[PDB]
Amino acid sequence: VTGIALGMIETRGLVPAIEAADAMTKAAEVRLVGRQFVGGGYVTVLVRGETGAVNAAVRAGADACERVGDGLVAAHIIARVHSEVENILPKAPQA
C-alpha cells in the first residue's frame, strides 16, 4: 500500500510482460503502476511496494516470464529511488 521500493521487469513483447505483472502481483503486496511500450519490442512493467514485497515480487515475475514468448530482458529492484527519479516513474498505467 505505502512502500516506495521499485520493482522492474523488461521483456521482449507484451505477453511475457503480462505474465511478469501477474506473477509479481500474486507473489507479494505490490502495486502495478506502469506498463511501458519502450520501442523496438521492449515492454517494461513497474511495481511499487515495501522492500521485502518488491524483492519477492521481482523474483517471482522473473521466474514466470522467462518461459513465455520471447522472454526476459531484465529484472531489477531499486529499494529507494532518489526523489528526482519519481519524475520519470508512472503513477498509474494506461490501458
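So that there is no doubt, residue numbering starts at 1 and follows the sequence shown.
Remark: stretch with higher mean C-alpha B factor among 83 to 91 and 70 to 78 is 83 to 91. When the CA B factors of the chain's modelled residues are split into thirds, the value for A53 lands in the lowest one.
The deposited CA B-factor of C65 belongs to the highest third of values across its chain.
In the PDB entry, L46 places in the highest third of its chain by CA B-factor.
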